[PDB]
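First, one chain by itself: the form deposited in one PDB entry, in structure tokens.
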């Protein structure tokens, strides 16, 4: 079996740390229970000849160990030592070093407050002292990343909650999101405006060596140029990262698969499923058997593909935004190795119903019969599947909350109540559809959504303090284009509604630097409120939420900003709850499903569960609520359609 790449084991950590051992401070030590797996396989099977480690024939000393049955290194494919293995290299503006000398140069740079690019398991990282405000601001400036939170590597898990330390110390060694109150050493530029910080432990030997030496928290963010995939070769690192890093700690062991760090919450919730989980297969739900090989292309953002066959499914690693420059290459190498590993040959392809998608283009190039699944249908089905809902389980009411996904008849959805099973998706109601002014700009400039909401629902909106920056502009040009439907399509988007409220509270920059920035900011503000008595509501009118009443109560309910943000979450949860209750109860349905990237909001989840405690509630947990889980939803719907003989 090939298993995920795994965190350095305590045995290897002790060997690396003991003077006189052959692998004393060898940054490439591993054995049978730890080290890189998926990321070092060129083709099958898992044997030195077909890994990256065929380029390093074992010296006589390591040869003895490979043979020995009692040795912890019986058939450790990588193995090797400082005599025959890869070795570290350092490169920096007319400096070069190697081995221990290279390590020590990197350490000194990090101590000086500089930024170093470090070769990891599934790509490169950019690192600096997370306590040093100038270094972090310098890293942000050079990377053009003014706000998106930075991951941080801690030398030990001391002082973190039990749940976080448990998760951090697993062989997967994910980044775990933790209240930043627990980590006061970090500067404010790590996760500015947010309540959580993603922390991680050293999980390869080079990281261990570094942290033992530095004894402090280090930024440890992806070594990518913005709008580009992480570099996996030395050459690409050195080219992409030359204007960002002050030095490079690299090495001559190739990486053959891109494999980002995984991200989970301390709660257990999966956010990004990569290193340490891939390529583990998942069992399909009861009733799903003898399924033909289907390739599911997933979503254009936060992409994963899925391979469905027999009674199992295997997701790819996080591949990111499919319009990034060079991502198709990484996607295709992932699919090549994944097909090799599972001896998998697709007979069918499933992709999203949106004809504008990149993924949809790639499907047409395949020469297999193709089929289409509605975005939000796939979100709901991926949740049902994670909960092992049987093939013949019966209908649920689903709430699918995200930015924008294409719905029935070309509509733009993102705030929908649906009747769902594995074959059918009936649209029942949800948020009203409201223009996206300036098209793609509406996701980058929250105020555009406040304007759209105000022109639809808010009499005399120019008189409220919270619309002041919009009201003072020449907004009528844009209002005229909205009215005429010029690059102003309607979308029933939960994401855009959060953006309109964050624009009204001033809690995000006027123009965002990352997708969902304003929504995260608004959730972070709300989360600082313990709960408040307030009069804001979102009443049901027929099958839609009455936003005119929401806005009038919300704009006129003065309160500390954190209470205003909490009241929005509570009112939204209560309005969708009333909708889903009406719809489920009058259909004899007892189970509700929640999915879509907005369902990553923990406060909304808490409020929905509070209001809907009279139902069985299904929320995502081990796959992401967002687009990273979409390929699995497409897979089970394709499977169910086939199993029904359609």
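Positions refer to the first chain, counted from 1.
The next section is about a form of this same protein that is not shown, the form deposited with a small molecule bound.
Only one listed stretch (464-472, 380-388, 420-428, 216-224) carries heavy atoms within 4.5 Å of the small molecule in the deposited bound form, and that stretch is 216-224. The partner is absent here; in the deposited bound form, the one residue of 266, 260, 240, 129 having a heavy atom within 4.5 Å of the small molecule is 260. Proximity to the small molecule in the deposited bound form, defined as a heavy atom within 4.5 Å, singles out one entry of 143, 253, 273, 309, which is 143.
Using a 4.5 Å heavy atom cutoff, none of 582, 584 and 612 lies near the small molecule in the deposited bound form. None of the heavy atoms of residue 73 is located within 4.5 Å of the small molecule in the deposited bound form.
The small molecule in the deposited bound form is approached by residue 151, whose closest heavy atom lies within 4.5 angstroms of it. Heavy atoms of residue 122 never reach within 4.5 Å of the small molecule in the deposited bound form, leaving it off the interface. Contact check for residue 575: every heavy atom lies farther than 4.5 Å from the small molecule in the deposited bound form.
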